[PDB]
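Engineer: Would you mind keeping the following structure in view while I ask a few things?
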Amino acid sequence: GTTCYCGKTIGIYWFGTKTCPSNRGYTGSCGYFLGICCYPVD
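Positions in the sequence shown are counted from 1; adding 69 to them yields the working numbering.
Take a look at the structure:
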């Protein structure tokens with residue numbers, strides 16, 4: 070697992086995708102380097 074940060078809200082980083090997986094309980098997201106950031110962190 071690898072961290073991400075957006076708007077001073079930390080999250081989990083998802084590689085090789087551009088949307089967040091819906092069943093994982095994410096409340097928000099932002100596009101990130103090589104992929105996407107999904108938050109809160111796991």
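Built from N, CA and C at the ideal position, the CB exists for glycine as well.
1) Quick one: what's got a C-beta closer than 6 angstroms to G97's C-beta in the same chain, skipping five residues either side?
2) Roughly how many angstroms lie between the CA atoms of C75 and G85, to the nearest whole one?
3) Taking the straight line between their C-alpha atoms, what separation do you get for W83 and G70?
4) Just reading off the beta strand (DSSP E) that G70 is part of, what are its end residues?
5) For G80, count neighbouring Cβ atoms within 10 angstroms of its own Cβ and tell me buried if that reaches 16, exposed if not.
Structural biologist: Looking at the atomic coordinates:
1) Contacts found: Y108.
2) Within the model, the alpha-carbon separation for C75 versus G85 is close to 18 angstroms.
3) About 9 angstroms.
4) Looking at the DSSP string, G70 is not in any beta strand (DSSP E), and its letter there is neither H nor E.
5) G80 comes out buried.
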